[PDB]
């Protein structure tokens, strides 16, 4: 009867879970949804819950899900993407500044290798430094202490907190391309639970799905391991899917970046697809035509092979061993 939704207890995970449950209740007003509250450790804890039929589905930020999931789990819904951009919050003394106009040697807080690599390259006169804590803690550090002049974070995190007004600068791709999956939510479920897969398949957004298949296929084929600097940009326009991807050394000084495109129509109709169909980069979308999904996957693989031909494996190897 009731659909059990497991969640981490942190505030942003609860907000994300609530928003997905709200969309499910809009399609299914006659159904009961119960929220059960209980990093890579907690991902496995939620997977255990799901393996043991303690919960039926779990909501993650998509960028937080590896491109290979354990067997028995799949991503049963890619929700419509929120804003994928990275953003800057400034120290309060910096009224109306941007990263371009901060004094030289200002310290910017980020614990993302990806952001730090791209931003050191774009802003060589700033210092980029690790900062610890959840979003409320980083904002306190910034408001109360003098170490940091600014911090970097995902716009969609602040947006979900109701704190969009804290944003002082939205970074564009030439400054900082986003992480694979950033801004999309993914729902993880048991790989062979057909009732729940049909249920959450109403959440799939076809454009976001194809974009993220391509972003994820690209990342998987690079085989860089976790936490190397890799970033993407995707757009669907005029029948084309565009994928830009890049890799960087930790200090940003070495980089390879290329763009490929493919003719991929965004499907507007749901279709009743076959059940034997294997998942693509951990995603199961049986109600969306399969052809465009495979084409999005092939685009990511292609762009990854191009980058590897131009030397990406050596950049990723060095970055991985120096993190």
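Numbering follows the first chain given and starts at 1. Rigid core (definition): largest C-alpha set, two forms, superposition within 1.5 Å.
Student: For a rigid core alignment of each structure in 6 other deposited structures of this protein onto the shown form, which stretch has the higher root mean square Cα deviation: 88-96 or 242-250?
Tutor: When 88-96 and 242-250 are compared in 6 other deposited structures of this protein, the bigger C-alpha shift is seen for 88-96.
Student: Stretch 214-222 versus stretch 132-140: after rigid core alignment, which one is farther off in C-alpha RMS in 6 other deposited structures of this protein?
Tutor: Higher average C-alpha offset in 6 other deposited structures of this protein goes to 132-140.
Student: Thinking of the other compared PDB entries, is residue 40 one of those residues unmodelled in at least a third of them?
Tutor: Comparison shows residue 40 dropped in at least a third of the other entries.
Student: Check the residues of the deposited sequence separating residue 38 from residue 39 and report how many of them have no coordinates, as none, 1 to 3, 4 to 9, or 10 or more.
Tutor: A long stretch, 10 or more residues, is missing between them.
Student: Mind pulling up the entry and telling me whether 96-104 or 174-182 has the higher mean Cα temperature factor?
Tutor: Of 174-182 and 96-104, the stretch with the higher C-alpha B-factor average is 96-104.
Student: Using only C-alpha atoms and the B-factors in the entry, which stretch averages higher, 260-268 or 294-302?
Tutor: It is 260-268 that shows the higher mean C-alpha B-factor.
Student: Whose CA atom has the top B-factor in the entry, of 249, 169, 159, 145?
Tutor: Of the candidates given, the C-alpha B-factor peaks at 145.
Student: Looking at 22, 13, 315, 307, which has the highest Cα B-factor in the entry?
Tutor: Comparing C-alpha B-factors across 22, 13, 315, 307, the top value belongs to 315.
Student: Give the position of residue 121 by CA B-factor within its chain, expressed as the lowest, middle or highest third.
Tutor: Its C-alpha B-factor belongs to the middle third of this chain's values.
Student: Taking the values exactly as deposited, rank residue 208 by C-alpha B-factor within its chain and report the matching third: lowest, middle or highest.
Tutor: Its C-alpha B-factor belongs to the lowest third of this chain's values.
Student: Is residue 112 in the lowest, middle or highest third of its chain when residues are ranked by C-alpha B-factor?
Tutor: It belongs to the middle third of the chain when residues are ordered by C-alpha B-factor.
Student: Divide the modelled residues of the chain into thirds by Cα B-factor and specify which third, lowest, middle or highest, holds residue 235.
Tutor: Middle third, going by the recorded CA B-factors of the chain.
Student: Lowest, middle or highest third: where is residue 151 by Cα B-factor in its chain?
Tutor: It belongs to the middle third of the chain when residues are ordered by C-alpha B-factor.
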